[PDB]
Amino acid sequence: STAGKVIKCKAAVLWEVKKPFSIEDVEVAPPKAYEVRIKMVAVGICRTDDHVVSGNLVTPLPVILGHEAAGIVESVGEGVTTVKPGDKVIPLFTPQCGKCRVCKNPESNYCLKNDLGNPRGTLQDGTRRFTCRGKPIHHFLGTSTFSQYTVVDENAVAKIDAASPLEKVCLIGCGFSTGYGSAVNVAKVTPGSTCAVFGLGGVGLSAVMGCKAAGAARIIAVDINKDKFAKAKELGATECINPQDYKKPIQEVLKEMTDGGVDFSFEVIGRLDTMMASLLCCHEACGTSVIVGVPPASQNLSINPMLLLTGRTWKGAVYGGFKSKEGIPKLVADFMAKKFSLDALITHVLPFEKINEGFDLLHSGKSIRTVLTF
């Protein structure tokens, strides 16, 4: 039995920046009140995990990363009512406490219970459930899914269809939802509109899917890696261009391709140069630009306010505007009904033990999404 007891299992621990993960033997404390301990089944490799490794995203170390996943509830702490042992679930990197100003506001989703703005690397009560070799290990985004077992706050856990193919839907835990929603919830792409998507990783490609579903007439995919183009077109890109092929700035090229600029531009990479280009490429009077990629720590853009005064709308969001706990299940039901597929996004499958190899592929540009199995 394991309920009420400390769990000993394997987890991928990051001891320091710019080093490989080390698969360690770790101890996982039982769930406290309003906490859920989950046996992990599958985890997707997202660039945000990698940002911590590269030092581009700050969070307290040592730590167990991982936030895009699906598992089975092993046990629940006292007070828990939304999930029970055996349920299939998806941890949410941005919770939905349902009690703060944001959660009450129908237009926002950045729950105040988050651990993104100023990471503590703990659960909501401010403590850690992880220990390894006599040392406490930090949580990441309240989820830490690069571990056979993890403890997450209830409001950061969603119950999903029991028949769910956990090795597929784990992408709904982050990449798909974020990309797709940035188009449908955040930007609010209108039918017959023109869009531009910067970055064709699992998130950017989902953004491409979102634009198509919203009914865009033109979806121009932009990426410096041409091997991402077939998938982009497969998912709805009407055009694919590579900035490296041109002599003039990419924003000028884009504007000249769309009568002054696209209606909706999305930055889905995490760089300042492309965030700028993306803003500059949407029409100065009727364009909307959405920041989706996480920028490098404290890096600042330099913009002339005039760019906005003409009529531009510049926004950003996490999770594609989806209120995590309510949105994830609906999205899974949609997947189950075949409204959309994630096959094209899953390029590689590897056992959790080969996690480092999973990151190598991300670094190589050969993978879109590598799903790890436990």
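Just count from 1 along the sequence shown to find any residue number.
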item: 280-288 versus 183-191 - greater average Cα B-factor per the deposited record; value: 183-191
item: Of 194-202 and 81-89, the stretch whose C-alpha atoms average the higher B-factor in the entry; value: 81-89
item: Criterion, highest CA B-factor; candidates, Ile220, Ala156, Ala216, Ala230; value: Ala216
item: Deposited CA B-factor, highest of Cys111, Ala297, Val208, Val262; value: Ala297
item: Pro95 CA temperature factor, ranked by third within the chain; value: lowest
item: Third of the chain's Cα B-factor distribution that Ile23 belongs to, per the entry; value: highest
item: Assigned third (lowest, middle, highest) for the C-alpha B factor of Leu171; value: highest
item: Modelled-residue ranking by C-alpha temperature factor, third containing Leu350; value: highest
item: Relative C-alpha B-factor of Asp343, binned into the chain's lowest, middle or highest third; value: middle
